[PDB]
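*Asks:* Here it is, the structure, as structure tokens.
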Amino acid sequence: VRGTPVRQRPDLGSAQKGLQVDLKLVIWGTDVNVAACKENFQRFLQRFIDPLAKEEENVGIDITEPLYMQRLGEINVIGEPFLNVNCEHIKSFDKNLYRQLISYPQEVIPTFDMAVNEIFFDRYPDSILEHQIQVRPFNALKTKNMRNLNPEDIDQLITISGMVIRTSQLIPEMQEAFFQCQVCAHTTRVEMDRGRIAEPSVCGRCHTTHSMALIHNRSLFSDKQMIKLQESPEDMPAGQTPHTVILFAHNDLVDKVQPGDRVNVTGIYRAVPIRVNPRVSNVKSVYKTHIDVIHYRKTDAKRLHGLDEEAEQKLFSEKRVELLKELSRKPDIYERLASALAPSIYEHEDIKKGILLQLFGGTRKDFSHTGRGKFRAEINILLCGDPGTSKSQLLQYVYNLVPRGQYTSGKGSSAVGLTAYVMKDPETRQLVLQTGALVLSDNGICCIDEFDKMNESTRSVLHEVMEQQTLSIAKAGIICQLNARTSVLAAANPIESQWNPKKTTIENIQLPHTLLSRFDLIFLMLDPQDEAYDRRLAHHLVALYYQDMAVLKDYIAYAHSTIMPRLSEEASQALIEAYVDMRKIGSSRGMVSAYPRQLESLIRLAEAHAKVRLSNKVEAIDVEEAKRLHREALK
Amino acid sequence: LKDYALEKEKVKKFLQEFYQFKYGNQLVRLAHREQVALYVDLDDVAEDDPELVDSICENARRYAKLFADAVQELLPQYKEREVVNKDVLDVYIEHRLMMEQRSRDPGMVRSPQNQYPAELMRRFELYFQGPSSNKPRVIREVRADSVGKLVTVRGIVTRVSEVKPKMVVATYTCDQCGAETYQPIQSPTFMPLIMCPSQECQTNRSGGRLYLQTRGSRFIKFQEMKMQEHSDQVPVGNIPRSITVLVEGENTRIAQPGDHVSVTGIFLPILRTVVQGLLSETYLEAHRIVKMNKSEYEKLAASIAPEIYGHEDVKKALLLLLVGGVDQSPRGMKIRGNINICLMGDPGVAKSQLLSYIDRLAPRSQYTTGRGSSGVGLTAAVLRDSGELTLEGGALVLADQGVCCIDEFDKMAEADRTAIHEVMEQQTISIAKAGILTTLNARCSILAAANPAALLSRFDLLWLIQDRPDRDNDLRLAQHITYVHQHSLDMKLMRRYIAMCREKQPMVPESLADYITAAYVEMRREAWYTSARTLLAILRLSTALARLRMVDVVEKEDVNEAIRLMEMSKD
Amino acid sequence: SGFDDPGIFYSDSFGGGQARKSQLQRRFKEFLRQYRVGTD
Ligand SMILES: Nc1ncnc2c1ncn2[C@@H]1O[C@H](COP(=O)(O)OP(=O)(O)O)[C@@H](O)[C@H]1O
Ligand SMILES: [Mg+2]
Ligand SMILES: [Zn+2]
Ligand SMILES: [Zn+2]
């Protein structure tokens with residue numbers, strides 16, 4: 001060690017004695033040796049090359065060099081002192097060290113820290129990190145259900161997965177109190193030690209008794225963050241409601257993950273007693289428990305790349321980038337992806353191209369200089385179709401596939417419940433503002449089943465978000481404006497739950513024109529009585545009965561990363577001409593008459609298709625396809 | 001009164017000697033730590049000694065302490081090998097007794113309060129199961145006179161908290177000495193300690209300053225469950241009385257909301273703390289949990305509610321759902337193996353009675369009429385509990401895996417109608433309401449009843465019952481019901497056959513692909529409302545009929561009977 | 001259950017210029033047990 005500071009580990013827990021005992025010299029209560037665990041992890045660091053390291057999924061990870069050594073090299077070239085120690089790599093290497101770490105985290109981890117700092121500073125003498133490297137051990141063997149956890153895993157590193165609900169304000173807590181003598185101005189720092197400070201009680205200089213006063217804002221504080229999180233268990237017993245768990249983040253992990261984000265969370269399961277009343281210092285026999293956090297895994301093999309994941313530069317290998325680019329250059333890329341989306345359902349090519357264009361999303365642009373408000377860049381789809389037509393299953397599939405996906409169904413909702421509401425947090429007791437689905441879906445998708453049965457007091461909420469993406473809560477709690485930039489995937493039944501063919505489109509839909517003009521795509525899911533289609537659908541469904549994702553998500557991620565298509569002269573003139581054409585056509589009543597909103601719809605759909613093709617310029621093909629899809633969707 | 005050293009000797013000799021060594025095998029298994037809980041049986045103890053049994057019935061808690069310590073001392077001679085120390089808790093107890101041996105000095109005497117206590121170092125738990133002679137008493141009737149007495153009760157569950165770690169023996173460590181003191185907890189609350197009575201501290205005259213931690217402590221699986229009188233138990237006009245029950249160790253996570261339970265325990269008090277005296281709450285400390293009375297082909301279907309006549313195809317489809325179509329999750333998208341039936345009917349054909357019988361039948365069942373369960377009654381809501389906004393469930397989420405028998409679906413509230421549409425379509429319930437932001441999981445199957453389009457378009461079977469007056473039909477039914485009043489398969493056996501039938505998991509054969517596609521297109525032409533939902537209906541009914549046959553392969557007979565049922569329903 | 005209160009049971013101090021009084025009592029114990037007078 002050169003002398004870099006040893007900043008304490010608030011998230012690991014309060015310190016302890018570290019009592020050791022001979023049976024060589026293990027830690028009391030544990031089958032651990034500091035020397036053995038330290039040396040085993042030093043071996044793991046120096047010699048652990050992968051059996052397989054897919055460069056495509058693990059960019060920057062080779063199959064030749066020892067794995068974590070080049071990680072230490074990058075932690076030398078840049079200044080963040082954190083090392084991602086995959087617990088399953090440890091499981092493959094040394095099962096004993098897995099047992100010791102995922103039974104005794106707060107003591108095995110500091111030894112791992114010591115070893116890493118020692119090896120790193122041996123390798124690089126003149127490298128300077130702000131403090132010691134810290135090991136983030138994650139991807140421990142997934143416990144499925146918190147409700148099926150036992151009281152034997154207290155302080156034992158677990159992992160679960162779920163979506164956030166709230167990330168409350170920072171809360172400082174003491175780490176090194178500052179004291180000054182009121183009489184003689186003698187100063188002293190007092191380190192927080194094992195959960196409580198030591199008030200000096202005598203001046204060190206003038207020996208006055210209890211003249212030492214605690215100066216607050218000279219002290220040292222690490223931060224905190226209550227992060228209320230809703231679990232997504234993979235085990236759902238017969239009637240276990242959605243479990244929700246409190247997460248206390250600390251100095252480095254605070255405000256790294258927002259509400260609505262979906263995360264695996266690996267962290268220390270920590271029981272803490274409950275005070276009987278807020279002022280009495282008694283406690284309760286019946287503890288609470290809350291997971292701590294040592295790591296959030298953002299990546300999911302079922303979902304697509306997140307927003308910050310797309311934003312970060314070093315996300316894709318050059319080979320993967322070239323694979324995506326040539327896959328784009330292949331002419332039938334759009335129809336290949338529309339076929340890929342939801343493989344179960346049988347050849348809804350038009351609807352799937354539309355849903356794909358939604359998922360890619362239109363181009364983002366700034367109108368602050370123009371002062372035209374904020375131009376909604378998202379896309380919105382209305383699957384208007386007869387009941388029992390797999391529209392609801394499309395809703396479920398896309399909701400699962402997309403991150404930042406929220407879900408509503410008819411009048412299982414309310415205006416305040418979608419916007420926001422003030423309620424007291426029962427752990428801090430302050431009146432806090434909890435978000436709704438329309439704020440959790442801020443940069444994602446809201447899937448709304450039973451969209452007709454969503455009585456207009458609620459669709460009043462949808463109006464503002466669909467026109468300008470702002471959601472102004474004006475209430476005795478707060479008078480503020482929540483961002484709600486949600487793409488919408490609405491599902492509507494016709495009146496009387498069957499598409500009468502006598503009634504025309506608007507007459508059958510029966511929704512307000514000021515709402516139906518907001519959805520920039522409307523699909524009339526109808527069933528022609530093609531017996532060939534019936535036979536083929538039967539064979540498809542029974543086929544799945546008797547019975548790629550990575551490239552798809554990486555493709556969409558690259559598109560969002562560095563594809564922001566712009567209009568061309570050809571595309572603009574075609575857009576004007578096609579808008580006039582559609583206006584002339586739909587001027588006939590019954591059908592949805594065109595609007596400047598529909599001009600915006602055409603522009604956005606063209607931008608989305610250009611994003612799909614990576615053209616970096618909206619083309620006549622794009623605008624022609626947008627026109628074609630709009631017509632064939634509405635017809 | 002008696003001498004409890006004599007009683008402990010009695011039960012020690014008993015546990016060693018009673019029977020294959022009945023209790024001996026259990027004792028050696030727990031000695032090796034192949035079981036963590038134990039259960040005394042007062043029938044098995046009345047096998048020899050009745051006075052001890054009557055005393056246990058009258059002062060059960062003390063004898064619980066006796067039995068548990070007796071087995072604790074019987075432990076080590078039954079121990080025969082080195083156990084693998086499966087828990088960090090095992091590591092702690094082994095380390096503790098190791099250092100006690102190290103600094104033993106066996107001649108040296110130690111105080112009456114310097115020793116690792118039983119409640120800490122036991123690592124097993126001992127409960128009971130009251131005798132058959134002990135009649136289960138009414139929850140209302142378990143009064144103050146029955147405090148301390150051993151008592152069994154039978155009641156329905158209303159709501160059950162989760163498993164949070166109750167403290168049993170808190171462990172404190174010092175700032176100077178290094179010993180480890182214990183605070184054995186008993187009550188709902190404890191004042192922490194701040195000073196260490198270790199004799200090194202008493203010698204040093206040092207500040208104790210001991211700090212509690214969870215590492216060396218002893219937590220336990222603790223739940224507080226609620227229970228409710230049986231509606232048959234209830235007197236003429238009073239509402240059903242409730243009761244709080246406390247669940248510990250290997251009694252945890254047995255009962256669940258809505259499931260009938262029989263709990264055997266003792267009715268011990270807690271401090272109440274405005275009239276003088278010394279008042280006290282009452283909780284029943286559970287010591288054996290047994291769900292009972294709901295959750296323990298042609299002749300079979302006719303056995304489904306023999307008191308109803310006719311509707312033979314209806315009963316067959318009901319049997320079919322009760323077996324359940326094959327649960328499928330292929331390629332991520334879920335094709336749930338639930339079967340949804342609606343019974344539209346003329347006023348009065350015993351459709352409500354059919355729903356009630358299915359409610360009494362299924363291992364999970366919830367019979368909800370129109371407005372008794374509306375809004376939160378069907379959905380899930382929020383309630384104060386460790387006080388907290390516990391989100392708990394209504395009817396459907398209580399019936400998360402079972403059968404919701406919905407009665408008079410026609411006149412339900414429109415929000416209830418919307419929720420039921422959601423659960424039939426996707427077996428979830430999304431909510432973004434005032435204080436709730438959830439997506440409940442409800443894998444339920446719907447049995448709607450109603451009186452005469454969305455119904456037709458979202459279902460697997462709709463059945464119109466029109467009792468067209470036919471003289472011979474009504475004559476036979478009249479004779480039948482009059483005979484029923486005149487004279488006034490077994491349900492358990494029926495449910496056992498169904499329970500085994502649930503788990504054969506057939507997979508469709510390729511030979512029937514042509515047959516099923518041909519039948520689908522032919523039914524479509526005969527229609528020309530049928531669609532892919534009706535395709536999935538025939539296909540699910542085929543899978544379920546294969547399950548009823550118990551063979552793992554569906555055949556032509558199955559699809560034939562499925563089309564027979566649907567034709568009968570539509571016509 | 002709050003009716004009774006059993007004691008606070010405890011154990012020994014396993015593990016762990018100015019000396020401490022337990023050590024000094026120990027030194028007196030060793031001095032008074034093991035002190036030899038006379039000669040072989
Ligand atoms: N075969 C039968 N066996 C038993 N009860 C019958 C039979 N036929 C008619 N009933 C009587 O019909 C009455 C009405 O049934 P109910 O469940 O109310 O039908 P719904 O509620 O659909 O109108 C019941 O009280 C029942 O006793
Ligand atoms: Mg009825
Ligand atoms: Zn001073
Ligand atoms: Zn002490």
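Convention: chains lettered A, B, ... in structure tokens order; per-chain residue numbering from 1; ligands numbered from 1 as shown.
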What does the list of residues within 12 Å of ligand 4 look like if you count only C-alpha atoms and all ligand atoms, written as a PyMOL selection string?
*Replies:* (chain B and resi 172-182+193-211) or (chain C and resi 10-16)
*Asks:* With 12 Å as the limit and counting only C-alpha atoms, what residues in chain C lie close to chain B? Please list them as a PDB file with N, CA and C atoms, in the first residue's frame.
*Replies:*
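Heads up, here's the output in part26.pdb:
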ATOM      1  N   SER C   1     -46.730 -12.679  28.025  1.00  0.00           N
ATOM      2  CA  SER C   1     -45.342 -13.085  27.880  1.00  0.00           C
ATOM      3  C   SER C   1     -44.408 -12.076  28.532  1.00  0.00           C
ATOM      4  N   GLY C   2     -44.831 -10.818  28.594  1.00  0.00           N
ATOM      5  CA  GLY C   2     -44.143  -9.827  29.393  1.00  0.00           C
ATOM      6  C   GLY C   2     -44.375  -9.936  30.880  1.00  0.00           C
ATOM      7  N   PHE C   3     -45.154 -10.930  31.317  1.00  0.00           N
ATOM      8  CA  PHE C   3     -45.439 -11.106  32.734  1.00  0.00           C
ATOM      9  C   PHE C   3     -44.172 -11.404  33.523  1.00  0.00           C
ATOM     10  N   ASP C   4     -43.310 -12.265  32.996  1.00  0.00           N
ATOM     11  CA  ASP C   4     -42.096 -12.701  33.670  1.00  0.00           C
ATOM     12  C   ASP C   4     -40.877 -12.039  33.052  1.00  0.00           C
ATOM     13  N   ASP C   5     -39.765 -12.148  33.761  1.00  0.00           N
ATOM     14  CA  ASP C   5     -38.475 -11.660  33.277  1.00  0.00           C
ATOM     15  C   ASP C   5     -37.398 -12.568  33.854  1.00  0.00           C
ATOM     16  N   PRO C   6     -36.938 -13.572  33.109  1.00  0.00           N
ATOM     17  CA  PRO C   6     -35.752 -14.301  33.550  1.00  0.00           C
ATOM     18  C   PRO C   6     -34.530 -13.409  33.453  1.00  0.00           C
ATOM     19  N   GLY C   7     -33.455 -13.864  34.080  1.00  0.00           N
ATOM     20  CA  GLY C   7     -32.271 -13.049  34.228  1.00  0.00           C
ATOM     21  C   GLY C   7     -31.586 -12.723  32.926  1.00  0.00           C
ATOM     22  N   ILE C   8     -30.407 -12.135  33.034  1.00  0.00           N
ATOM     23  CA  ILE C   8     -29.533 -11.855  31.905  1.00  0.00           C
ATOM     24  C   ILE C   8     -28.363 -12.817  32.052  1.00  0.00           C
ATOM     25  N   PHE C   9     -28.437 -13.941  31.359  1.00  0.00           N
ATOM     26  CA  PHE C   9     -27.438 -14.976  31.512  1.00  0.00           C
ATOM     27  C   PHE C   9     -26.203 -14.566  30.743  1.00  0.00           C
ATOM     28  N   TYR C  10     -25.042 -15.042  31.186  1.00  0.00           N
ATOM     29  CA  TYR C  10     -23.766 -14.575  30.655  1.00  0.00           C
ATOM     30  C   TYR C  10     -22.787 -15.739  30.570  1.00  0.00           C
ATOM     31  N   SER C  11     -21.579 -15.441  30.108  1.00  0.00           N
ATOM     32  CA  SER C  11     -20.557 -16.442  29.872  1.00  0.00           C
ATOM     33  C   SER C  11     -19.201 -15.809  30.163  1.00  0.00           C
ATOM     34  N   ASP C  12     -18.133 -16.470  29.724  1.00  0.00           N
ATOM     35  CA  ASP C  12     -16.775 -16.079  30.064  1.00  0.00           C
ATOM     36  C   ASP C  12     -16.188 -15.168  28.995  1.00  0.00           C
ATOM     37  N   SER C  13     -15.012 -14.623  29.290  1.00  0.00           N
ATOM     38  CA  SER C  13     -14.339 -13.674  28.404  1.00  0.00           C
ATOM     39  C   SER C  13     -13.382 -14.376  27.451  1.00  0.00           C
ATOM     40  N   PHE C  14     -13.890 -15.384  26.751  1.00  0.00           N
ATOM     41  CA  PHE C  14     -13.103 -16.056  25.721  1.00  0.00           C
ATOM     42  C   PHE C  14     -12.618 -15.065  24.672  1.00  0.00           C
ATOM     43  N   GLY C  15     -11.345 -15.173  24.320  1.00  0.00           N
ATOM     44  CA  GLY C  15     -10.749 -14.276  23.358  1.00  0.00           C
ATOM     45  C   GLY C  15     -10.416 -12.931  23.967  1.00  0.00           C
ATOM     46  N   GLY C  16      -9.838 -12.074  23.132  1.00  0.00           N
ATOM     47  CA  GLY C  16      -9.475 -10.728  23.535  1.00  0.00           C
ATOM     48  C   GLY C  16      -8.076 -10.643  24.112  1.00  0.00           C
ATOM     49  N   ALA C  19      -1.649  -1.787  33.254  1.00  0.00           N
ATOM     50  CA  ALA C  19      -2.243  -3.109  33.283  1.00  0.00           C
ATOM     51  C   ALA C  19      -3.700  -3.002  33.720  1.00  0.00           C
ATOM     52  N   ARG C  20      -4.389  -4.139  33.725  1.00  0.00           N
ATOM     53  CA  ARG C  20      -5.803  -4.221  34.054  1.00  0.00           C
ATOM     54  C   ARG C  20      -5.997  -5.133  35.251  1.00  0.00           C
ATOM     55  N   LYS C  21      -7.075  -4.881  35.981  1.00  0.00           N
ATOM     56  CA  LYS C  21      -7.227  -5.478  37.300  1.00  0.00           C
ATOM     57  C   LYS C  21      -7.455  -6.982  37.230  1.00  0.00           C
ATOM     58  N   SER C  22      -8.116  -7.479  36.182  1.00  0.00           N
ATOM     59  CA  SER C  22      -8.251  -8.924  36.032  1.00  0.00           C
ATOM     60  C   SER C  22      -6.892  -9.572  35.832  1.00  0.00           C
ATOM     61  N   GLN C  23      -6.032  -8.945  35.028  1.00  0.00           N
ATOM     62  CA  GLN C  23      -4.673  -9.445  34.870  1.00  0.00           C
ATOM     63  C   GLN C  23      -3.926  -9.425  36.194  1.00  0.00           C
ATOM     64  N   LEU C  24      -4.107  -8.370  36.989  1.00  0.00           N
ATOM     65  CA  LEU C  24      -3.382  -8.312  38.254  1.00  0.00           C
ATOM     66  C   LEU C  24      -3.905  -9.350  39.238  1.00  0.00           C
ATOM     67  N   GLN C  25      -5.215  -9.594  39.258  1.00  0.00           N
ATOM     68  CA  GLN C  25      -5.733 -10.687  40.075  1.00  0.00           C
ATOM     69  C   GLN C  25      -5.169 -12.018  39.604  1.00  0.00           C
ATOM     70  N   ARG C  26      -5.017 -12.180  38.291  1.00  0.00           N
ATOM     71  CA  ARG C  26      -4.420 -13.396  37.754  1.00  0.00           C
ATOM     72  C   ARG C  26      -2.979 -13.538  38.212  1.00  0.00           C
TER      73      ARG C  26
END
*Asks:* Which residues are close to segment 56-63 of chain A, i.e. within 10 Å by only C-alpha atoms, leaving aside same-chain residues fewer than 2 positions away? Reply as a ChimeraX atom specification.
*Replies:* /A:49-54,65-68,70-71,74,314-321,550-551,554
*Asks:* I need the residues from that last selection saved to file as a JSON list (two decimals), in the first residue's frame (with N, CA, C and O atoms), if you can.
*Replies:*
[["chain", "number", "residue", "atom", "x", "y", "z"],
["A", 49, "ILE", "N", -8.61, -17.27, -15.99],
["A", 49, "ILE", "CA", -9.00, -16.98, -17.36],
["A", 49, "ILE", "C", -10.30, -17.74, -17.58],
["A", 49, "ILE", "O", -10.52, -18.80, -17.00],
["A", 50, "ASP", "N", -11.17, -17.18, -18.41],
["A", 50, "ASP", "CA", -12.48, -17.77, -18.58],
["A", 50, "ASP", "C", -12.38, -19.13, -19.30],
["A", 50, "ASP", "O", -11.48, -19.33, -20.12],
["A", 51, "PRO", "N", -13.28, -20.08, -19.00],
["A", 51, "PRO", "CA", -13.41, -21.21, -19.93],
["A", 51, "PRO", "C", -13.99, -20.78, -21.26],
["A", 51, "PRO", "O", -13.59, -21.29, -22.31],
["A", 52, "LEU", "N", -14.93, -19.84, -21.23],
["A", 52, "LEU", "CA", -15.48, -19.21, -22.41],
["A", 52, "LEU", "C", -15.77, -17.76, -22.07],
["A", 52, "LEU", "O", -16.35, -17.48, -21.01],
["A", 53, "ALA", "N", -15.36, -16.84, -22.94],
["A", 53, "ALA", "CA", -15.67, -15.42, -22.80],
["A", 53, "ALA", "C", -16.16, -14.94, -24.15],
["A", 53, "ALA", "O", -15.37, -14.57, -25.03],
["A", 54, "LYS", "N", -17.48, -14.96, -24.33],
["A", 54, "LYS", "CA", -18.09, -14.45, -25.55],
["A", 54, "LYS", "C", -17.80, -12.96, -25.66],
["A", 54, "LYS", "O", -18.29, -12.19, -24.84],
["A", 65, "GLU", "N", -5.65, -13.48, -21.61],
["A", 65, "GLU", "CA", -5.09, -12.88, -20.40],
["A", 65, "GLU", "C", -5.89, -13.34, -19.18],
["A", 65, "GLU", "O", -7.04, -13.76, -19.32],
["A", 66, "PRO", "N", -5.29, -13.32, -17.99],
["A", 66, "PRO", "CA", -6.11, -13.49, -16.78],
["A", 66, "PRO", "C", -7.20, -12.44, -16.72],
["A", 66, "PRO", "O", -7.01, -11.31, -17.15],
["A", 67, "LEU", "N", -8.37, -12.86, -16.22],
["A", 67, "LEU", "CA", -9.59, -12.07, -16.41],
["A", 67, "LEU", "C", -9.49, -10.71, -15.74],
["A", 67, "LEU", "O", -9.49, -9.67, -16.41],
["A", 68, "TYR", "N", -9.39, -10.69, -14.41],
["A", 68, "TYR", "CA", -9.50, -9.44, -13.69],
["A", 68, "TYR", "C", -8.25, -8.58, -13.78],
["A", 68, "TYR", "O", -8.32, -7.40, -13.42],
["A", 70, "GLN", "N", -6.70, -7.38, -16.48],
["A", 70, "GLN", "CA", -6.95, -6.27, -17.39],
["A", 70, "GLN", "C", -8.02, -5.34, -16.84],
["A", 70, "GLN", "O", -8.03, -4.14, -17.16],
["A", 71, "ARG", "N", -8.93, -5.86, -16.00],
["A", 71, "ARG", "CA", -9.84, -4.97, -15.28],
["A", 71, "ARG", "C", -9.06, -4.04, -14.37],
["A", 71, "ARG", "O", -9.37, -2.85, -14.27],
["A", 74, "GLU", "N", -7.67, -1.32, -16.56],
["A", 74, "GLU", "CA", -8.60, -0.24, -16.88],
["A", 74, "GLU", "C", -8.90, 0.60, -15.64],
["A", 74, "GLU", "O", -9.07, 1.82, -15.74],
["A", 314, "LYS", "N", -18.51, 2.24, -24.33],
["A", 314, "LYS", "CA", -17.91, 0.91, -24.47],
["A", 314, "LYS", "C", -18.94, -0.16, -24.09],
["A", 314, "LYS", "O", -18.88, -0.77, -23.02],
["A", 315, "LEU", "N", -19.88, -0.38, -25.01],
["A", 315, "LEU", "CA", -20.95, -1.35, -24.84],
["A", 315, "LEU", "C", -20.92, -2.48, -25.85],
["A", 315, "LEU", "O", -21.45, -3.56, -25.55],
["A", 316, "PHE", "N", -20.34, -2.28, -27.03],
["A", 316, "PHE", "CA", -20.35, -3.26, -28.11],
["A", 316, "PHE", "C", -18.95, -3.43, -28.69],
["A", 316, "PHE", "O", -18.21, -2.46, -28.87],
["A", 317, "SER", "N", -18.61, -4.68, -29.00],
["A", 317, "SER", "CA", -17.38, -4.97, -29.70],
["A", 317, "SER", "C", -17.46, -4.49, -31.14],
["A", 317, "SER", "O", -18.55, -4.31, -31.70],
["A", 318, "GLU", "N", -16.30, -4.27, -31.75],
["A", 318, "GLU", "CA", -16.26, -3.87, -33.15],
["A", 318, "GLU", "C", -16.86, -4.94, -34.04],
["A", 318, "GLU", "O", -17.56, -4.63, -35.02],
["A", 319, "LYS", "N", -16.60, -6.21, -33.73],
["A", 319, "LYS", "CA", -17.19, -7.29, -34.51],
["A", 319, "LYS", "C", -18.71, -7.29, -34.39],
["A", 319, "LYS", "O", -19.42, -7.48, -35.39],
["A", 320, "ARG", "N", -19.24, -7.08, -33.18],
["A", 320, "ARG", "CA", -20.69, -7.01, -33.02],
["A", 320, "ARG", "C", -21.26, -5.83, -33.79],
["A", 320, "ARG", "O", -22.32, -5.94, -34.40],
["A", 321, "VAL", "N", -20.57, -4.69, -33.75],
["A", 321, "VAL", "CA", -21.02, -3.50, -34.47],
["A", 321, "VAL", "C", -21.09, -3.80, -35.96],
["A", 321, "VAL", "O", -22.07, -3.45, -36.63],
["A", 550, "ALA", "N", -30.66, -11.85, -28.77],
["A", 550, "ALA", "CA", -29.46, -11.06, -28.49],
["A", 550, "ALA", "C", -29.19, -10.07, -29.62],
["A", 550, "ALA", "O", -28.96, -8.88, -29.37],
["A", 551, "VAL", "N", -29.24, -10.55, -30.86],
["A", 551, "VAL", "CA", -28.98, -9.66, -31.99],
["A", 551, "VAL", "C", -30.06, -8.60, -32.09],
["A", 551, "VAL", "O", -29.77, -7.44, -32.41],
["A", 554, "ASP", "N", -29.43, -5.98, -29.31],
["A", 554, "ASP", "CA", -28.21, -5.23, -29.61],
["A", 554, "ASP", "C", -28.44, -4.29, -30.78],
["A", 554, "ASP", "O", -27.90, -3.18, -30.81]]
*Asks:* Could you report the residues within 8 Å of ligand 2, using only C-alpha atoms and all ligand atoms, as a ChimeraX atom specification?
*Replies:* /B:347-348,350-352,407-408,449-451
*Asks:* With only C-alpha atoms as the counted atoms, please give the residues lying no more than 6 Å from residue 428 of chain B, apart from itself and same-chain residues fewer than 2 positions off, as a PyMOL selection string.
*Replies:* chain B and resi 423+426+440-442
*Asks:* Could you take the residues named above and write them with C-alpha atoms, as a PDB file, in the first residue's frame?
*Replies:*
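Result file is selection_30.pdb:
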ATOM      1  CA  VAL B 423     -57.814 -12.231 -14.933  1.00  0.00           C
ATOM      2  CA  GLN B 426     -53.890 -12.825 -18.577  1.00  0.00           C
ATOM      3  CA  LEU B 440     -51.007  -9.060  -8.651  1.00  0.00           C
ATOM      4  CA  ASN B 441     -50.620 -12.634  -9.896  1.00  0.00           C
ATOM      5  CA  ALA B 442     -53.951 -14.511 -10.028  1.00  0.00           C
TER       6      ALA B 442
END
*Asks:* Neighbours of ligand 3 within 9 Å, counting only C-alpha atoms and all ligand atoms, as a PyMOL selection string?
*Replies:* chain A and resi 180-187+202-209+211-212
*Asks:* With C-alpha atoms retained, write the just-selected residues as a compact mmCIF listing (two decimals), in the first residue's frame.
*Replies:*
# COMPACT_ATOMS: atom_id res chain seq x y z
CA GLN A 180 -14.48 21.48 19.78
CA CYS A 181 -13.86 22.64 23.33
CA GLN A 182 -16.16 25.56 24.12
CA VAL A 183 -13.54 27.16 26.36
CA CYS A 184 -10.15 26.67 24.67
CA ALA A 185 -11.07 25.87 21.02
CA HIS A 186 -9.20 22.55 21.08
CA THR A 187 -10.40 20.36 18.22
CA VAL A 202 -12.95 16.19 28.75
CA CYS A 203 -10.90 18.73 26.85
CA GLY A 204 -7.55 17.35 25.80
CA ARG A 205 -5.89 20.74 26.30
CA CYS A 206 -7.55 22.51 29.26
CA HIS A 207 -9.08 19.40 30.92
CA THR A 208 -12.47 21.06 31.46
CA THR A 209 -15.10 18.42 32.12
CA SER A 211 -16.86 21.32 27.76
CA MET A 212 -16.59 19.46 24.43
*Asks:* Could you list, as a list in words, the residues of chain B having an atom within 6 Å of chain A when counting only C-alpha atoms?
*Replies:*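 So the residues of chain B near chain A are residues 91, 92, 165, 166, 167, 188, 189, 190, 191, 397, 398, 400, 401, 415, 430, 431, 432, 433, 434, 453, 454, 457, 458, 508 and 517 of chain B.
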*Asks:* Write out as a list in words each polymer residue whose atoms come within 9 Å of residue 87 of chain A, counting only C-alpha atoms; drop sequence neighbours fewer than 3 positions from it.
*Replies:*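 Final neighbour list, sorted by chain and number: residues 90, 91, 92, 98, 101, 102, 137, 138, 139, 140 and 141 of chain A.
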*Asks:* Residues within 10 Å of ligand 1 should be enumerated using only C-alpha atoms and all ligand atoms and returned as a count of residues only.
*Replies:* 39
*Asks:* What parts of segment 155-400 of chain B does DSSP call helix (DSSP H, G or I)? I'd like the answer as a PyMOL selection string.
*Replies:* chain B and resi 199-204+249-251+298-303+312-323+351-361+375-377+395-398
*Asks:* With a distance cut-off of 8 Å and only C-alpha atoms, select the neighbouring residues of residue 288 of chain B, excluding the residue or stretch itself and same-chain residues fewer than 3 positions from it, and output the selection as a list in words.
*Replies:*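 The neighbour list is residues 39, 127, 128, 129, 251, 262, 263, 264 and 265 of chain B.
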